[PDB]
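> No gaps in the numbering here: position 25 of the sequence shown is 25 in the entry's author numbering, and each next residue is one more. One structure, as structure tokens, below. Some questions next.
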Amino acid sequence: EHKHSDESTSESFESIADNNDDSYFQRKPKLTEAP
């Protein structure tokens with residue numbers, strides 16, 4: 001639950017900028033729709 005016990009040192013999110021976070025942590029948070 002708590003304490004990541006050290007691993008990625010960022011869990012699964014850690015906005016660093018507006019060009020990086022939108023590629024390493026984001027990685028398309030949505031699914032494939034294609035209407």
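Cβ atoms here follow ideal geometry from the backbone N, Cα and C, with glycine treated the same way.
#1: Identify the continuous alpha helix (DSSP H) that holds residue 18 and give its terminal residues.
#2: I'd like to know whether the C-beta atoms of residue 11 and residue 2 end up nearer to each other than 8 Å.
#3: Leaving aside the five residues before and after residue 20 along the sequence, list all residues of the same chain whose C-beta is less than 8 Å from its C-beta, in chain order.
#4: Find the nearest neighbour of residue 24 within the set 15, 7, 9, 34, judged by alpha-carbon distance.
#5: Taking the alpha-carbon positions, what's the residue 29 to residue 7 distance?
Well, looking at it:
#1: Careful: residue 18 lies outside any alpha helix (DSSP H) and carries neither H nor E.
#2: No, the Cβ-Cβ distance between residue 11 and residue 2 is not below 8 Å.
#3: Closer than 8 Å at the Cβ level, and outside the excluded window around residue 20, lies no residue.
#4: Restricting attention to 15, 7, 9, 34, the CA atom closest to the CA of residue 24 is found in 15.
#5: Cα to Cα, residue 29 sits roughly 21 Å from residue 7.
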